[PDB]
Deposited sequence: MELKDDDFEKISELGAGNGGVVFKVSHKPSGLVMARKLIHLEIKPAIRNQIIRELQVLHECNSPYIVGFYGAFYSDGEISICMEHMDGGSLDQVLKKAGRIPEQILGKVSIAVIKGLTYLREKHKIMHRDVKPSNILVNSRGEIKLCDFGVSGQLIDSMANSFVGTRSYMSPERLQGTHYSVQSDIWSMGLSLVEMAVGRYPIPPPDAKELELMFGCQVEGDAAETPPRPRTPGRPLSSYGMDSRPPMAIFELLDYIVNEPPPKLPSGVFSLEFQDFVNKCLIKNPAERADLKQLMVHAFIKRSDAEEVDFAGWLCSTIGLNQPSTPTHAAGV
């Protein structure tokens, strides 16, 4: 069925940031609860046709690790992307409440991210481009899915920050970046969720004991590309997880682990095995099910 502006009805507001507003909506003719993302864009008719036509490939994006897509269209000054409503929200949202996402669970996250990235690369020849806790979605059925990946060249162009950056050193420095940049993003995301806060600058010997000031735009980006990469605090995380993130946060794109190598890493092998009630942990900490 073809999606249309007058066929929708706002329920609530799921969040916003840097270009998009997403509402929990209801598709009147189908009865389906949906998440609708609106991106306000002052765009000429000809090249918003391109964006809509380019977003049609999302119909061919089927994977348990990728958010379902229903439709995309343009309506008076906004393009609409209609996707599956994830009732658990984003990992950045569950982190606020959790305070800290346990290593066991983060392993189930890593698996999903690595499988999601892999699907997009192998079957669609695209990198994600914006991997961060807010672009990773969860639900009550325990599914962990990626959204907001780069399907549309022209939409990337049309929008082209803040004070938190998950961009790789090579991407911050120039145009010489590619799929390996997503590994850094995942790597850094996993450290953040582990310790409970954005891991740059690293916490001091006192803050380390405490848990267990805001940085300026240049101070932050300078730290990323020049000062040694963030590490997982030792002792309280397994040597398996540590090696995983360390291999992820290698500054050099070519020295850095890839999806292939990460898929067969000790931590993932260990995480595939483990019997964990994700849905249980998720709903119990966010008060849902």
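Numbered from the first deposited residue, the unresolved ranges run 161 to 163, 216 to 245, 323 to 333.
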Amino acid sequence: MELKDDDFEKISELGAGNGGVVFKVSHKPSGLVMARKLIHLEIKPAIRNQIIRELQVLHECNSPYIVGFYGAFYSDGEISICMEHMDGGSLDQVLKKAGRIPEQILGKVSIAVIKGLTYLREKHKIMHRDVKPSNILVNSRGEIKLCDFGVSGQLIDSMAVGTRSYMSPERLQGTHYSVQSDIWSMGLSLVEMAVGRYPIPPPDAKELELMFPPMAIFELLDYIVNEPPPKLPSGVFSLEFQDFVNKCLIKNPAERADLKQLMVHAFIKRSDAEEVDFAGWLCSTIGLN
From here on, numbers count along this sequence of modelled residues.
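C-alpha atoms forming the largest set that superposes within 1.5 Å between two forms make up the rigid core.
Superposing each structure in 5 other deposited structures of this protein on the rigid core shows that the farther-lying of 174 to 182 and 105 to 113, by root-mean-square Cα distance, is 174 to 182. Greater average departure of CA atoms from the shown form, over structures and residues in 5 other deposited structures of this protein after a core fit, characterises 45 to 53 among 45 to 53 and 245 to 253. On average the C-alpha atoms of 225 to 233 have higher B-factors than those of the other stretch, with 225 to 233 and 61 to 69 being the two compared.
Mean C-alpha B-factor is higher over 198 to 206 than over the other stretch, the pair under comparison being 116 to 124 and 198 to 206. In this PDB entry, residue 261 carries a Cα temperature factor that places it within the middle third of its chain's modelled residues. Ranked within its chain, residue 166 lands in the middle third, by CA B factor from the PDB record. The PDB entry assigns residue 174 a C-alpha temperature factor belonging to the middle third of its chain's modelled residues. Ranked within its chain, residue 44 lands in the highest third, by CA B factor from the PDB record.
In the deposited entry, the Cα temperature factor of residue 22 places it in the middle third of its chain's modelled residues.
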